[PDB]
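Okay, so here's just one chain, in structure tokens, the form deposited in one PDB entry.
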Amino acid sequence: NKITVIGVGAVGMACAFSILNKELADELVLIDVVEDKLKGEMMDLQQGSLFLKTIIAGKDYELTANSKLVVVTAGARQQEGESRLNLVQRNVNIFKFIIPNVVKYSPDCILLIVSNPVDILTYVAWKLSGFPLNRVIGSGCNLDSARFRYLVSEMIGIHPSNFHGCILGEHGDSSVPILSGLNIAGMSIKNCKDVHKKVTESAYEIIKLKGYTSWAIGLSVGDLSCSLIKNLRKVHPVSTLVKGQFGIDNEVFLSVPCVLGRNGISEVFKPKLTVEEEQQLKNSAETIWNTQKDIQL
């Protein structure tokens, strides 16, 4: 029951702190390139071990051998004036170094791709690894939907555990709120598109004010790693291949409700969406693919 977290930056550390505050790890491996930092981060985590429950750090990937779950957070320092594409591609070449050394020592692990753009990069992981579809997952929209549910529940006077809606598509501006599935404790609403804009926007102001997301995406990967490790068979909107749904014909990844357990994705839901909804998801994949098409793997 070993877990590896590649990249000990703000995301990885917040991922790893959330994985530690959850019983989930027997072993925890942290990986990056600045040795002085890897050690300092593992030593800070194990100075407070009495309050946690679990730690390794280093540069060589043999440390990761036989990880049950490998969370990938490593990204690239984004330049200003750089385009979305040159950004993606630098993160594709970084993956051209990571995923080989992950499969190399853990051919059976579950891959969880957190780094961005997560949809495109979960496709790169699938292609570089050759792993089946079940063992390649992306953080996707799990946080998006969670934030969506919370804000709507706050507009109503109810607890978020009793409000149920989700956001599918690209994890980004072209995501899609599925308003036909909104529910309150067994009651369909038909018995709010602004909240959705607040989420994708709020997610943009953060990256602008602070550079990245760390705390929120760390909790969400905690929500996800919990279902996989402990095999809860829980449902999360996460990036898997949807070629063959909503008319799409390319090998596009994006978030659709999946059931997560020991083996990764146990099945992919095939949603029956409204006309409009099915169109927006098709446009969402048109957006992703209009960029995925131009990457050199």
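From 1 onward, residues are counted along the sequence shown. The term rigid core refers to the maximal set of C-alpha atoms that superpose within 1.5 Å between the two forms.
Another form exists, solved in complex with a small molecule; not displayed. Remarks below refer to it.
**Q** Quick one: from 76, 195, 226, 178, grab the residue that has a heavy atom within 4.5 Å of the small molecule in the bound PDB entry.
**A** Exactly one residue meets the criterion: 76.
**Q** Among 128, 206, 219, 87, which has at least one heavy atom within 4.5 Å of the small molecule in the bound PDB entry?
**A** Comparing distances to the small molecule in the bound PDB entry, the residue within 4.5 Å is 87.
**Q** Is there a heavy atom of residue 213 lying 4.5 Å or less from a heavy atom of the small molecule in the bound PDB entry?
**A** Looking in the bound PDB entry, residue contacts with the small molecule include residue 213, since a heavy atom lies within 4.5 Å.
**Q** Determine whether any heavy atom of residue 32 comes within 4.5 Å of a heavy atom of the small molecule in the bound PDB entry, and answer yes or no.
**A** So residue 32 counts as contacting the small molecule.
**Q** I'd like to know if residue 37 sits close to the small molecule in the bound PDB entry, meaning any non-hydrogen atom pair within 4.5 angstroms.
**A** Heavy-atom contact with the small molecule at 4.5 Å: present for residue 37.
**Q** Would you classify residue 6 as touching the small molecule in the bound PDB entry, given a 4.5 Å non-hydrogen atom cut-off?
**A** So residue 6 counts as contacting the small molecule.
**Q** Are all three residues 98, 116 and 143 in contact with the small molecule in the bound PDB entry, where contact means a non-hydrogen atom within 4.5 Å?
**A** Checked in the bound PDB entry: all three residues contact the small molecule.
**Q** Can you say which of 151-159, 179-187, 102-110, 68-76 gets within 4.5 Å of the small molecule in the bound PDB entry, counting heavy atoms only?
**A** The contacting stretch here is 68-76.
**Q** Among 210, 198, 104, 96, which is the residue that shifts its C-alpha 2 Å or more between the shown form and the other one, core superposed?
**A** Comparing the C-alpha positions, the one residue that moves 2 Å or more is 210.
**Q** So, superposing on the core, is the move of residue 85 at the CA at least 2 angstroms between the shown form and the other one?
**A** Comparing the forms between the shown form and the other one, which are aligned on their rigid core, residue 85 does shift its C-alpha by 2 Å or more.
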